[PDB]
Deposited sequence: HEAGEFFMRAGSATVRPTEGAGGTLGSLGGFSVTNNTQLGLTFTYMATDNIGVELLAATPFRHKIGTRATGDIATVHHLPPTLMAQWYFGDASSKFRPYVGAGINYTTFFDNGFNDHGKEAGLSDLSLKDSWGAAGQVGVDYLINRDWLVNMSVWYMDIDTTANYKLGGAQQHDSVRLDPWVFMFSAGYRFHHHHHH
C-alpha cells in the first residue's frame, strides 16, 4: 500500500453542533484523495461541493441560508497491514472553512435583517473511519469527522448590529466507494 493513491466518492453529511439558534444538517458530495506515506501512514484531503444550511429560531423559523466549503487536510493511521481487507483508521488535521452566498429570507428581512456574511475559519479536525478493501481496485468506506469551526456572523439589524459568534463544531458523516491507483 505504500506509494498507493486512492479516491473515495460518496455522501458527506455535516451536522452542526450547538431564543433558539438552530442550524440544519446538510448532505453533499464528498471526495477524498489519499496517499500512503507507508503501509500505515496516510495523507488525505477531503473535498466537497458547497454545503447549504438554514438558520433560525422557534417562533419565526428560517431567517437565512448559508453555504461553505470545509476543505480538510489530514495525517492518518490505518490499522492492520497492507494485506488486511478490513482497515479502520484514525486521523488528525487542519480544517479551513469559507462561507459564501449567505442571505436572510423574506422573514429575516421582514424582521429588519440584511448585509449578512460570516468570516473564514481554521481549526483542528479529527477522524475515525473504516475502509473495506474488496480488491486491488475497489473499496467501500465509512467515516466520522469532528471539526473545530468557530466564526462570527456579520449583518445589520435595522441598524448595524453586525456581530455575533457562530459555533458549528459539526460532526461529518461520510459513506462512499473508493478506487485504488497503484
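Novice: Mind pulling out the bits of the deposited sequence that never got modelled, as residue ranges from 1?
Specialist: Missing from the model are residues 1, 20-28, 193-197.
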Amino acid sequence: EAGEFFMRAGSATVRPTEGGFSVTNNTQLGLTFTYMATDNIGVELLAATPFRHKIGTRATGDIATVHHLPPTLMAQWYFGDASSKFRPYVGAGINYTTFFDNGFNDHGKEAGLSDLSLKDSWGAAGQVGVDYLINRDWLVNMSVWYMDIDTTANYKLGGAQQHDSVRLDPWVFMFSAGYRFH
From here on, numbers count along this sequence of modelled residues.
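Novice: If you take the mean CA temperature factor per stretch, which one wins between 66-74 and 51-59?
Specialist: The entry gives the higher C-alpha B-factor average to 51-59.
Novice: On mean C-alpha B-factor from the PDB entry, just flag whether 153-161 or 137-145 is the higher one.
Specialist: Between 137-145 and 153-161, it is 153-161 that shows the higher mean C-alpha B-factor.
Novice: Using the temperature factors of the C-alpha atoms in this entry, rank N105 within its chain: lowest, middle or highest third.
Specialist: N105: CA B-factor falls in the highest third of its chain.
Novice: Looking at the entry's B-factor column for C-alpha atoms only, identify whether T13 ranks in the lowest, middle or highest third of its chain.
Specialist: CA B-factor rank for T13: lowest third.
Novice: Sorting the chain's modelled residues by C-alpha B-factor, tell me whether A82 ends up in the lowest, middle or highest third.
Specialist: As the PDB entry reports it, the C-alpha B-factor of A82 lands in the middle third of its chain.
Novice: Grab the CA temperature factor for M36 from the record and place it in the lowest, middle or highest third of its chain.
Specialist: Middle third of the chain for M36's C-alpha B-factor.
Novice: Quick one: classify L118 as lowest, middle or highest third of the chain based on its Cα B-factor.
Specialist: It falls in the middle third of the chain.
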